[PDB]
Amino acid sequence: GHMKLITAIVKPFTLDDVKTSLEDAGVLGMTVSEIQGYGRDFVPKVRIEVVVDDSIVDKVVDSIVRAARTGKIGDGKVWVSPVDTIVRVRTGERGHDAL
């Protein structure tokens, strides 16, 4: 309903900076996956995902963008998509309790 997935495709060396920015803002539950995207033909990148309430989606996106920017080609993209429902596996908590 109010839940959003943020997907960031960014350079691998920006991971610590993005993670720090998320954790400092109390944004928990990030995952990271390997991915290939255009750069200086493909270069290795990382796919960072978090699920957040829409109240913070704008500032979280901006924080990721700021932390991942180098000003060079291949810096990547950040997009937002709807999440209908979310469940925390361990507890069975749903919605905002699962965040």
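The first residue of the sequence shown is number 1, and the count goes up from there.
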| property | result |
| --- | --- |
| Residue 72-residue 73 interval: deposited residues absent from the model | none |
| Selected stretch [higher average CA B-factor]: 3-11 or 90-98 | 90-98 |
| Stretch with the higher entry mean CA B-factor, where the candidates are 53-61 and 22-30 | 22-30 |
| Residue 67 - Cα temperature factor, lowest/middle/highest third of chain | middle |
| Lowest, middle or highest third - CA B-factor, residue 43 | highest |
